[PDB]
Amino acid sequence: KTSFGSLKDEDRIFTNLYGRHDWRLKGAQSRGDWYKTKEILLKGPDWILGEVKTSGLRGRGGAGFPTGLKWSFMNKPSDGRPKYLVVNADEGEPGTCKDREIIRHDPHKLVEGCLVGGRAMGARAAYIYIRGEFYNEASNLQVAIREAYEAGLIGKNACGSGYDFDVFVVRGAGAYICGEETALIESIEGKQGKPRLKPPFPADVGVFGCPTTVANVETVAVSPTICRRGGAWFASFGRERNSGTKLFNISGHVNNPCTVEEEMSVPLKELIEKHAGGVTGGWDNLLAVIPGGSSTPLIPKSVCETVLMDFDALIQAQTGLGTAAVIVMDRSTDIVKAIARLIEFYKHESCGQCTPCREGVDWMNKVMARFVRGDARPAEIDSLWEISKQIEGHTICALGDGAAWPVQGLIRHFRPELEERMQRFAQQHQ
Amino acid sequence: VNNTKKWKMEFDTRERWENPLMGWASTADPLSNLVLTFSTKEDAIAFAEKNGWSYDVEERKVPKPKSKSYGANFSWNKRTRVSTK
Amino acid sequence: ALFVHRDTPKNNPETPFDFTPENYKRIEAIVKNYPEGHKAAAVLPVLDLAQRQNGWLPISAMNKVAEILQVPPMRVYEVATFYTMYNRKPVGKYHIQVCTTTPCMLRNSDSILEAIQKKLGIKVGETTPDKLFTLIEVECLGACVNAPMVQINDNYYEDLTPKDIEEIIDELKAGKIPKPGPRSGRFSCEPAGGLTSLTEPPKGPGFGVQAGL
Ligand SMILES: NC(=O)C1=CN([C@@H]2O[C@H](COP(=O)(O)OP(=O)(O)OC[C@H]3O[C@@H](n4cnc5c(N)ncnc54)[C@H](O)[C@@H]3O)[C@@H](O)[C@H]2O)C=CC1
Ligand SMILES: Cc1cc2nc3c(=O)[nH]c(=O)nc-3n(C[C@H](O)[C@H](O)[C@H](O)COP(=O)(O)O)c2cc1C
Ligand code: SF4
Ligand code: FES
């Protein structure tokens, strides 16, 4: 296949994305969830891991690590410590609101994914770390978890398979850095959400010092559908090493901002024009698109014409796929002000642990705050570039990368607008 | 640790008293500033024996090799968990 | 905006705070979610439980959470100052949180911030003098396609206009409770000009399940 997109409703994993059907167990079982879960759990961890590896599922958090290879790190004999699945439900990324819809409208799909993934990795329980601002979503998920315990689907003798598996929900308390996996693990343990240094990866030392897999809501919730429908089914979508469906959150300067499920390597222009109603003022009014939420570098309208919304094509477009959150910015946008608000976000959401993020994200925000007004000189642009290169790769977690990348994308695609901003400041203030 | 790489020879500190005019540190010891540098212990011993100085030698104290592990900060059941980080 | 504490007569370690007994049963339910030997893992919910009983956290709720969980009080002070939900000052009864990051700023959340300011007569960070409304300005609340949105104490109010948020503030001042959703025509997150997806009925149990299963 060469052209991607135009996904059919029979090939959706997240039916009831919009709340138009019943989210409870009577609705979820009538849509295909909790069907033959016992026969999945009895075929062993190796079969489930082989279905996830065969499907080519990559991590829907945004790094795109291979999900089967990641989950197979737990497939090892125990040493007295329990093992845990931990479902990353924080979703603090600006642009991204898909996991909110998964938890809120397909909760039993997430709970069944917790059971299937925890059987795949030998996990004792599931800790779903939901964002604390998602209070109604957390109570929604707890009602679905109570319905799953009252039906014997999880807990003691889960789905009649002889496997014991709990599902816990831990609420956050307002930190974007608690979506990073080791900082999330610290946040469950009753601490400041400060990321750990890797190694140890959480498959060695995770939550409470146990073996732990932290995985996104989407990459957990699609796993029972991958186990039922098959690995080849999910791998038949998108490009190669770009397998499956993906939730997209098209927000910003589009006519109809929405969450929509779509095949993996769909064109960005086709996605915005088809599911979002197109850019406000037309496609000629498009100035920039942040492809995958705030941490990905923006790409301008010349790149957005032919770009495909999977991992490798956006890597070739010197950005990332990320959370697949499409932030559309038209020609009426002060783009320096938008990227500087984004760097302001990244210094309010930064845990202050290591030196390059704690100091340089504040220093980038001060330089960007002067770039908004133009109160600078052009030699400070490349300087700011170097500051970003002193943060990228020198930090503990990737929030330094996620704060250095928008600065780099803005400089790389809009250096002339920065320079004309600063020179008009100079000619009207001296 | 770059000041702990060589052997030094010094002498016993003698009397320093207060200058009656200015309060400066008056001394009468000529050897009060004589610090010598030696590559090994035996060069220092040989230099002191050659000069007729009664000497005493303190052996080099190295720090013993510690056992470090970043993962030990987050043990499942040991007391070595950090309460914060 | 201070991350040190000074003992005021309304915030000191002798400020009266204790849990209700039903809050103690909820605390026991929270503590039994975590393994034995890791009771400190219940610091974040229980302290938030102390924020739900009281509305804010004096330094008697932090010390009570430190006492009932056998953790040092500094390790609770760290969690209370690290996380942005824990009110270390008494906020009003309705805590309005206006998201002003880039996907909400593009869809004109500044107009709603100004509308709440001129409707409540206060500005960002301040409290209305009847102690009913606290207006602050928060980061991305994760409702980006429903921009521009606010949060009132648990509830997301989404797809807002100035008239919509004035209506919400009016029926908060009237004692009622508004409906937590989008204030435009749509329901949760669909394309507003009709469904571009999921128009077919869902297929049900057994559809596409592979052989050998
Ligand atoms: N989903 C969301 O809401 C958000 C997602 N992100 C995305 O998160 C990404 C950065 O997150 P990270 O997990 O810190 O980066 P990534 O480099 O490390 O790793 C992704 C996953 O692979 C695992 N992994 C990677 N290499 C491994 C190895 N050699 N051995 C064992 N496990 C290994 C990690 O443990 C992790 O679970 C970015 O791509 C960013 O776009 C960022 C912010 C919000
Ligand atoms: C600063 C930062 C914040 C993150 N926030 C989230 C998040 O909110 N939700 C999420 O699922 N992943 C988040 N991630 C990615 C996680 O580190 C982790 O890779 C992911 O949750 C699970 O891996 P997976 O994508 O392979 O499933 C964040 C990463 C960083 C660096
Ligand atoms: S780079 Fe920033 S987000 Fe990461 S450990 Fe350091 S302070 Fe924390
Ligand atoms: S940007 Fe305001 S909710 Fe995400």
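So that the names make sense, note that chain A is the first sequence line, chain B the second, and so on, each numbered from 1. Keep in mind that the numbers below use all heavy atoms, side chains included, and drop hydrogens, waters and symmetry copies. Atoms within a ligand are numbered from 1 in the order they appear, just like the ligands themselves.
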Notebook entry, point to check: For ligand 2, which atoms, with element, lie under 4.0 Å from some heavy atom of A:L399?
Noted result: 1 (C), 31 (C)
Check: Does ligand 4 have an atom that lies less than 4.0 angstrom from a heavy atom of C:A147?
Finding: no
Margin query: Tell me whether the rings of C:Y156 and A:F134 are parallel (<30°), tilted (30 to 60°) or perpendicular (>60°).
Written below: perpendicular
Next item on the list: Check the side chains of C:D154 and A:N136 for a donor-acceptor pair under 3.5 angstrom, ignoring hydrogens and angles.
Entry: no
Margin query: Applying a heavy-atom cut-off of 4.0 Å, say which part of A:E180 lies close to ligand 2: side chain, backbone, both or neither.
Written below: both
Check: Measuring to atom 2 (Fe) of ligand 4, does C:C104 have an N/O/S atom at a distance below 2.8 Å?
Finding: yes
Note to self: Please evaluate residues B:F74 and B:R81 with respect to the criterion side chain to side chain contact (heavy atoms under 4.5 Å, CB included), reporting the C-alpha separation (whole Å), side-chain torsions for both, the decisive distance (0.1 Å), and the verdict.
What the structure shows: CA-CA 5 Å; B:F74 309 107; B:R81 290 187 67 88; 4.2 Å; yes
Checklist line | Numbered atoms and elements of ligand 2 in range of A:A215, under 4.0 angstrom, heavy atoms | finding: 22 (C), 27 (O)
Note to self: Give me the residue, atom name and distance of the protein heavy atom closest to atom 1 (S) of ligand 4.
What the structure shows: C:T101 OG1, 2.6 Å
Next item on the list: Identify, for atom 21 (O) of ligand 2, the protein heavy atom at the shortest distance, and state residue, atom and that distance.
Entry: A:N88 ND2, 2.5 Å
Item checked: A:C397: numbered ligand 3 atoms lying under 4.0 Å from its heavy atoms -> 3 (S), 4 (Fe)
Notebook entry, point to check: Between A:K194 and C:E78, is the closest basic N to carboxylate O distance under 4.0 Å?
Noted result: no
Notebook entry, point to check: Just wondering, more than 12 heavy atoms not from A:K53 lying within 6.0 Å of its NZ?
Noted result: no
Next item on the list: Using a strict 4.0 Å cut-off to heavy atoms of A:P195, name the atoms of ligand 3 that fall inside it.
Entry: 5 (S), 8 (Fe)
Next item on the list: Considering only NZ, NE, NH1 and NH2 on the basic side and carboxylate oxygens on the acidic side, decide whether A:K191 and A:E186 come within less than 4.0 Å.
Entry: yes
Next item on the list: State whether C:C99 contributes an N/O/S atom found under 2.8 Å from atom 2 (Fe) of ligand 4.
Entry: yes
Next item on the list: Taking only heavy atoms of A:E91 into account, list the atoms of ligand 2 that are under 4.0 Å away from them.
Entry: 7 (C), 8 (O), 9 (N)
Check: Applying a 4.0 Å heavy-atom criterion (strictly less than), which segment of A:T219 is in contact with ligand 2: side chain, backbone, both, or neither?
Finding: side chain
Next item on the list: Would you check whether A:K70 has a nitrogen or oxygen atom less than 3.5 angstrom from a nitrogen or oxygen atom of ligand 2?
Entry: yes
Notebook entry, point to check: Without hydrogens or angle criteria, can the side chains of C:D164 and C:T161 be said to hold a donor-acceptor pair below 3.5 Å?
Noted result: yes
Checklist line | Location of contacts on A:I177 toward ligand 2, heavy atoms closer than 4.0 Å | finding: side chain
Checklist line | Residue and atom name of the nearest protein heavy atom (relative to atom 13 (C) of ligand 2), distance in Å to one decimal | finding: A:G179 O, 3.2 Å
Notebook entry, point to check: How far is atom 8 (Fe) of ligand 3 from its nearest protein heavy atom, and which residue and atom is that?
Noted result: A:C351 SG, 2.9 Å
Margin query: Set out, in order, the CA-CA distance, both residues' side-chain angles and the distance that settles side chain to side chain contact (heavy atoms under 4.5 Å, CB included) for C:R75 and C:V43, then state yes or no.
Written below: CA-CA 9 Å; C:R75 303 295 179 267; C:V43 162; over 6 Å; no
Next item on the list: Identify whether the distance between the nearest side-chain nitrogen and carboxylate oxygen of A:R341 and C:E139 falls below 4.0 Å.
Entry: yes
Notebook entry, point to check: Do A:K98 and A:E261 sit within salt-bridge range, that is, some charged N less than 4.0 Å from a carboxylate O?
Noted result: no
Checklist line | Under-4.0 Å salt bridge between A:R239 and A:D312 | finding: no
Next item on the list: Identify, by atom number and element, the atoms of ligand 2 in contact range of A:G92, meaning under 4.0 Å from any of its heavy atoms.
Entry: 8 (O)
Next item on the list: Considering only non-hydrogen protein atoms, determine which one is nearest to atom 19 (O) of ligand 2 and report residue, atom name and distance to 0.1 Å.
Entry: A:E181 OE1, 4.4 Å
Notebook entry, point to check: At the 4.0 Å heavy-atom cut-off, does A:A63 count as touching ligand 2?
Noted result: no
Item checked: Which of the ligand 2 atoms, numbered from 1, are nearer than 4.0 Å to a heavy atom of A:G59 -> 24 (P), 25 (O), 26 (O)
Note to self: I need the atoms of ligand 3 closer than 4.0 Å to a non-hydrogen atom of A:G352, numbered in the order shown.
What the structure shows: 7 (S)
Next item on the list: Run the salt-bridge test on A:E91 and A:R104 with the 4.0 Å N-O cut-off and return the result as yes or no.
Entry: no
Check: With a cut-off of 4.0 Å, which atoms of ligand 3 are near a heavy atom of A:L399?
Finding: 3 (S)
Check: Looking at C:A143, which atoms of ligand 4 are within less than 4.0 Å of one of its heavy atoms?
Finding: 3 (S)
Next item on the list: May I ask you to check if ligand 2 and A:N216 share an N or O to N or O distance below 3.5 Å?
Entry: yes
Check: By number and element, which atoms of ligand 2 are closer than 4.0 Å to a non-hydrogen atom of A:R60?
Finding: 25 (O)
Note to self: Only heavy atoms of A:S350, strictly under 4.0 Å: list the atoms of ligand 3 that pass.
What the structure shows: 2 (Fe), 7 (S)
Next item on the list: Verify whether one side chain among A:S388 and A:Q408 offers a donor that lies under 3.5 Å from an acceptor in the other.
Entry: yes
Next item on the list: Return yes if a side-chain donor-acceptor contact under 3.5 Å exists between A:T259 and A:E101, otherwise no.
Entry: no
Check: Judged by modelled atom types alone, do A:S265 and A:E263 share a side-chain donor-acceptor pair under 3.5 Å?
Finding: no
Next item on the list: State whether the side chain of B:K85 and the backbone N or O of A:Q353 hold a donor-acceptor pair below 3.5 Å, judged by distance alone.
Entry: no
Notebook entry, point to check: Which atoms from ligand 3 have a heavy atom of A:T395 less than 4.0 Å away?
Noted result: 1 (S)
Next item on the list: Answer with yes or no whether the side chains of A:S251 and A:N249 bring together a donor and an acceptor at under 3.5 Å.
Entry: no
Next item on the list: Only heavy atoms count here, so choose which of A:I177, A:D401, A:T355 is nearest to atom 3 (S) of ligand 3.
Entry: A:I177
Item checked: Atom indices of ligand 3, in the order listed, that fall short of 4.0 Å to a heavy atom of A:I396 -> 5 (S)
Next item on the list: For C:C140, take its heavy atoms, then give the atoms of ligand 4 lying under 4.0 Å from any of them.
Entry: 1 (S), 3 (S), 4 (Fe)
Check: Side chain of A:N140, backbone of A:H105: donor and acceptor closer than 3.5 Å?
Finding: no
Note to self: Please confirm whether the ring centroid of A:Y18 lies under 6.0 Å from the ring centroid of C:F187.
What the structure shows: no
Check: Of all the atoms in ligand 3, which lie at a distance below 4.0 Å from a heavy atom belonging to A:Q353?
Finding: 5 (S), 7 (S)
Next item on the list: If you have a sec, work out which protein heavy atom is nearest atom 1 (S) of ligand 3 and how many Å separate them, to one decimal?
Entry: A:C357 CB, 2.9 Å
Item checked: Closest protein heavy atom to atom 6 (Fe) of ligand 3, given as residue, atom name and distance to 0.1 Å -> A:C354 SG, 3.0 Å
Notebook entry, point to check: Salt bridge between A:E392 and A:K389, side-chain N to carboxylate O under 4.0 Å?
Noted result: yes
Note to self: Only heavy atoms of A:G61, strictly under 4.0 Å: list the atoms of ligand 2 that pass.
What the structure shows: 25 (O)
Notebook entry, point to check: So, A:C97 and atom 4 (Fe) of ligand 4: N/O/S under 2.8 Å, yes or no?
Noted result: no
Margin query: Under a 4.0 angstrom heavy-atom cut-off, which atoms of ligand 4 come close to C:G142?
Written below: 3 (S), 4 (Fe)
